[PDB]
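Comments concern the structure below.
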Number of protein chains: 2
Amino acid sequence: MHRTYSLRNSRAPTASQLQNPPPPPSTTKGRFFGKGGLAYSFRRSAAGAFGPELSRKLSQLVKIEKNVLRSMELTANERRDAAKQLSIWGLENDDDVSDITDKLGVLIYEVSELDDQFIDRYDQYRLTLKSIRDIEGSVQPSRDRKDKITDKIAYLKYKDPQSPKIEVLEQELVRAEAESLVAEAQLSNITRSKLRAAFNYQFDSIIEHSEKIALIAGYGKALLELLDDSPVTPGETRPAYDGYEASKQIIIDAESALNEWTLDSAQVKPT
Amino acid sequence: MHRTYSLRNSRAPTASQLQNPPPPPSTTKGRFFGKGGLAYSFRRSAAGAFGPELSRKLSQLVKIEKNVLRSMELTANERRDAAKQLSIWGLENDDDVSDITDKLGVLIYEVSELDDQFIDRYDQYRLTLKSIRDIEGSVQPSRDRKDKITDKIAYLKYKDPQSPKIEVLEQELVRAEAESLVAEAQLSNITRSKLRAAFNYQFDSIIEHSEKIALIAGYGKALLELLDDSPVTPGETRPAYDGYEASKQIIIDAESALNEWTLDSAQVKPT
Ligand SMILES: O=P(O)(O)O[C@@H]1[C@H](O)[C@H](O)[C@@H](OP(=O)(O)O)[C@H](OP(=O)(O)O)[C@H]1O
Ligand SMILES: O=P(O)(O)O[C@@H]1[C@H](O)[C@H](O)[C@@H](OP(=O)(O)O)[C@H](OP(=O)(O)O)[C@H]1O
């Protein structure tokens with residue numbers, strides 16, 4: 001988060017924000033529950049009511065992550081349709097305009113397919129989170145039994161300190177305690193391992209997607225440079241278009257670079 | 001698109017796809033209309049029925065782009081909630097685990113706010129597309145009148161070649177034609193200018209967002225390195241955690257780098 005020490009819900013402008021004023025807030029921000037509907041909210045609340053207490057939060061996280069994946073795939077499909085129909089509109093235009101919008105449509109198609117691949121990786125990470133949820137929520141009943149048996153032992157001791165069940169219940173409490181402390185140890189180990197692996201995978205997918213999208217954007221801007229933005233004076237003829245070969249090579253190079261990209265090929269250097 | 005010349009709906013694996021097998025397709029791909037509901041589809045169809053013919057496609061593009069923006073803001077809010085509640089789950093864990101998941105939550109919060117900024121830029125680009133739609137759809141009725149008047153002139157000439165209305169209608173046809181050819185010229189000019197500017201803005205926002213997300217991912221992986229993934233043997237104690245200062249400096253550096261990022265500071269070099 002970028003907030004400086006102030007009560008303001010506004011952050012100090014960065015270098016990009018200093019370069020130009022930020023655009024006004026989106027006009028599509030309507031008034032609603034802030035999420036669109038209620039069925040997924042009911043699912044989330046059910047995850048927050050019925051599940052075991054100590055696993056309830058992680059089950060809710062898994063459900064919300066599934067919602068995020070659903071929304072991401074839906075918006076990827078919608079972006080694909082938008083690119084297709086944008087190029088459809090650009091078909092009946094100037095030949096230069098038609099070619100430029102067609103190539104932009106292909107680039108957005110690549111962006112959509114890369115989004116789909118990142119979505120598959122994101123679902124793999126979500127499955128890992130589901131696995132850690134499962135193991136930890138199945139290790140919870142050990143401590144549940146420990147708490148129940150210690151409460152029963154306290155109640156029996158208060159009611160009848162000389163009851164014969166005291167010794168056997170004490171052995172059982174010891175046994176659940178040996179079952180439980182070291183189970184906590186194993187749970188911590190597996191939680192650390194699974195969390196580290198899943199988040200490393202997720203961040204590798206994130207950086208790969210970001211770098212591929214950045215390369216696509218750079219190639220698209222270089223190809224936009226090809227577009228002739230010089231206006232033609234009223235009443236004049238249309239100059240001939242000869243950018244087929246240049247955009248031809250540009251899209252060829254974009255595909256070649258996308259094939260060539262590797263995890264080590266990432267040029268992002270954190271400091 | 002990455003498809004090689006084959007009937008396969010499968011693309012040759014890239015270097016990243018060669019490094020490891022791709023994950024299986026997402027398990028959340030349910031059976032439905034492929035989009036979730038019907039109200040937005042009705043809106044899109046109304047955009048594809050009632051509007052002027054030559055502006056109908058661009059109006060549909062604007063509507064679909066609004067749908068994309070709505071979905072993007074919804075998924076950004078859901079990702080924000082997911083990060084918050086993930087860190088909420090990580091609160092009651094190991095102190096190292098609590099700190100690492102808290103910092104990851106902050107990083108995903110930054111990702112969400114950057115998504116919101118990119119969404120604002122994307123809506124600015126959508127507004128530019130709306131503007132070009134408006135001007136071009138308002139220039140369409142000139143050609144509509146030209147076609148109507150030429151049809152009327154042909155019908156009148158066939159019905160009565162010596163009708164007195166022939167000369168005045170011919171002058172009006174000339175006048176609409178002088179109104180229309182050069183209007184086509186101006187429309188081509190304004191379309192080129194608006195499209196180039198809007199797509200340059202969109203691609204600049206895209207590359208900025210991608211680079212910021214890539215820096216966030218790199219810093220997050222470097223911070224995940226801080227996590228102690230070494231398992232502890234059963235029955236042993238918990239080693240003391242001392243990573244507060246290291247993650248302290250890591251998040252400080254991440255914020256500093258995010259402030260320092262400029263458009264020229266982008267390190268992506270298309271070839
Ligand atoms: O004032 P009203 O009667 O409620 O209608 C609004 C506005 O006048 C436009 O018709 C429309 O924007 P466009 O001109 O771009 O179609 C907008 O839709 P929007 O919010 O989805 O943009 C409507 O909400
Ligand atoms: O086959 P169904 O009837 O569609 O139900 C699916 C599955 O059987 C589980 O109930 C659930 O996973 P869990 O066992 O972990 O709850 C999953 O949710 P998910 O995709 O969010 O994991 C559901 O989609």
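Letters for chains follow the order of the structure tokens (A, B, ...), residue numbers begin at 1 for each chain, and ligand numbers begin at 1 in the order shown.
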
Where does chain B meet chain A within 6 Å, residue by residue, with the nearest atom pair and distance in Å to one decimal for each, counting only C-alpha atoms, listed by chain and rising number, as JSON lines?
```
{"residue": "B:1", "atom": "CA", "partner": "A:110", "partner_atom": "CA", "distance": 5.4}
{"residue": "B:14", "atom": "CA", "partner": "A:259", "partner_atom": "CA", "distance": 4.7}
{"residue": "B:15", "atom": "CA", "partner": "A:262", "partner_atom": "CA", "distance": 5.5}
{"residue": "B:16", "atom": "CA", "partner": "A:262", "partner_atom": "CA", "distance": 5.3}
{"residue": "B:25", "atom": "CA", "partner": "A:120", "partner_atom": "CA", "distance": 5.9}
{"residue": "B:26", "atom": "CA", "partner": "A:120", "partner_atom": "CA", "distance": 5.5}
{"residue": "B:57", "atom": "CA", "partner": "A:89", "partner_atom": "CA", "distance": 5.7}
{"residue": "B:68", "atom": "CA", "partner": "A:75", "partner_atom": "CA", "distance": 6.0}
{"residue": "B:71", "atom": "CA", "partner": "A:75", "partner_atom": "CA", "distance": 5.9}
{"residue": "B:75", "atom": "CA", "partner": "A:71", "partner_atom": "CA", "distance": 5.9}
{"residue": "B:89", "atom": "CA", "partner": "A:57", "partner_atom": "CA", "distance": 5.7}
{"residue": "B:110", "atom": "CA", "partner": "A:1", "partner_atom": "CA", "distance": 5.4}
{"residue": "B:120", "atom": "CA", "partner": "A:26", "partner_atom": "CA", "distance": 5.4}
{"residue": "B:182", "atom": "CA", "partner": "A:235", "partner_atom": "CA", "distance": 5.4}
{"residue": "B:189", "atom": "CA", "partner": "A:231", "partner_atom": "CA", "distance": 5.1}
{"residue": "B:192", "atom": "CA", "partner": "A:229", "partner_atom": "CA", "distance": 5.9}
{"residue": "B:193", "atom": "CA", "partner": "A:229", "partner_atom": "CA", "distance": 5.6}
{"residue": "B:203", "atom": "CA", "partner": "A:217", "partner_atom": "CA", "distance": 5.3}
{"residue": "B:207", "atom": "CA", "partner": "A:214", "partner_atom": "CA", "distance": 4.8}
{"residue": "B:210", "atom": "CA", "partner": "A:210", "partner_atom": "CA", "distance": 4.6}
{"residue": "B:214", "atom": "CA", "partner": "A:207", "partner_atom": "CA", "distance": 4.8}
{"residue": "B:217", "atom": "CA", "partner": "A:203", "partner_atom": "CA", "distance": 5.4}
{"residue": "B:218", "atom": "CA", "partner": "A:270", "partner_atom": "CA", "distance": 5.9}
{"residue": "B:219", "atom": "CA", "partner": "A:270", "partner_atom": "CA", "distance": 6.0}
{"residue": "B:229", "atom": "CA", "partner": "A:193", "partner_atom": "CA", "distance": 5.7}
{"residue": "B:231", "atom": "CA", "partner": "A:189", "partner_atom": "CA", "distance": 5.0}
{"residue": "B:234", "atom": "CA", "partner": "A:182", "partner_atom": "CA", "distance": 5.6}
{"residue": "B:235", "atom": "CA", "partner": "A:182", "partner_atom": "CA", "distance": 5.4}
{"residue": "B:259", "atom": "CA", "partner": "A:14", "partner_atom": "CA", "distance": 4.5}
{"residue": "B:260", "atom": "CA", "partner": "A:15", "partner_atom": "CA", "distance": 5.9}
{"residue": "B:262", "atom": "CA", "partner": "A:16", "partner_atom": "CA", "distance": 5.2}
{"residue": "B:270", "atom": "CA", "partner": "A:218", "partner_atom": "CA", "distance": 5.9}
```

Could the residues in this selection be written to a file with C-alpha atoms, as an mmCIF file, in the first residue's frame?
```
data_model
loop_
_atom_site.group_PDB
_atom_site.id
_atom_site.type_symbol
_atom_site.label_atom_id
_atom_site.label_comp_id
_atom_site.auth_asym_id
_atom_site.auth_seq_id
_atom_site.Cartn_x
_atom_site.Cartn_y
_atom_site.Cartn_z
ATOM 1 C CA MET B 1 -2.018 -16.370 -31.992
ATOM 2 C CA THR B 14 7.022 -22.417 -25.920
ATOM 3 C CA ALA B 15 10.179 -22.275 -23.799
ATOM 4 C CA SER B 16 8.099 -21.878 -20.636
ATOM 5 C CA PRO B 25 -7.592 -27.238 -17.539
ATOM 6 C CA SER B 26 -9.406 -25.421 -14.757
ATOM 7 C CA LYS B 57 -20.924 -2.463 -34.522
ATOM 8 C CA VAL B 68 -15.318 -5.910 -19.604
ATOM 9 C CA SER B 71 -16.058 -7.488 -14.764
ATOM 10 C CA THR B 75 -12.717 -9.124 -9.959
ATOM 11 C CA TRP B 89 -6.530 -16.727 8.022
ATOM 12 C CA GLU B 110 -1.001 -3.121 -4.252
ATOM 13 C CA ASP B 120 -9.492 4.035 -14.902
ATOM 14 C CA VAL B 182 -15.387 15.081 -48.219
ATOM 15 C CA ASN B 189 -8.881 11.451 -40.725
ATOM 16 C CA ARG B 192 -7.183 7.420 -37.707
ATOM 17 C CA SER B 193 -6.274 10.091 -35.153
ATOM 18 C CA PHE B 203 -0.955 0.150 -24.498
ATOM 19 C CA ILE B 207 2.795 -1.886 -20.148
ATOM 20 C CA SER B 210 2.493 -5.181 -16.398
ATOM 21 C CA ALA B 214 6.212 -7.821 -12.443
ATOM 22 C CA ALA B 217 5.987 -10.381 -8.130
ATOM 23 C CA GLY B 218 9.784 -10.241 -8.055
ATOM 24 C CA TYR B 219 9.816 -8.520 -4.672
ATOM 25 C CA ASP B 229 10.815 -23.649 4.716
ATOM 26 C CA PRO B 231 10.746 -28.550 8.473
ATOM 27 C CA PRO B 234 8.577 -33.997 15.480
ATOM 28 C CA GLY B 235 8.559 -33.113 19.165
ATOM 29 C CA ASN B 259 7.224 5.300 -6.667
ATOM 30 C CA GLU B 260 10.361 5.407 -8.840
ATOM 31 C CA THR B 262 8.367 5.881 -14.934
ATOM 32 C CA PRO B 270 10.816 -5.398 -28.015
#
```

Given the choices B:246, B:240, B:187, B:46, which gets closest to residue 134 (chain B) if the distance is worked out from only C-alpha atoms? B:187

So which bits of region 22-259 of chain B end up helix (DSSP H, G or I) when you DSSP the backbone, as a PyMOL selection string? chain B and resi 39-47+53-91+95-159+165-226+244-259

Using only C-alpha atoms and all ligand atoms, which of B:142, B:41, B:31, B:165 sits nearest ligand 2?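 The answer is B:31, which sits nearest to ligand 2.
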
Which of these residues is nearest to ligand 1, using only C-alpha atoms and all ligand atoms: B:135, B:47, B:169, B:39? B:47

List the neighbours of region 149-156 of chain A out to 7 Å using only C-alpha atoms; skip same-chain residues closer than 3 positions along the sequence, and give me the result as an MDAnalysis selection string. chainID A and resid 145:146 159:161 166 169 173

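Taking CA of residue 175 (chain B) as the reference point, CA of residue 147 (chain B) is found at 12.5 Å.
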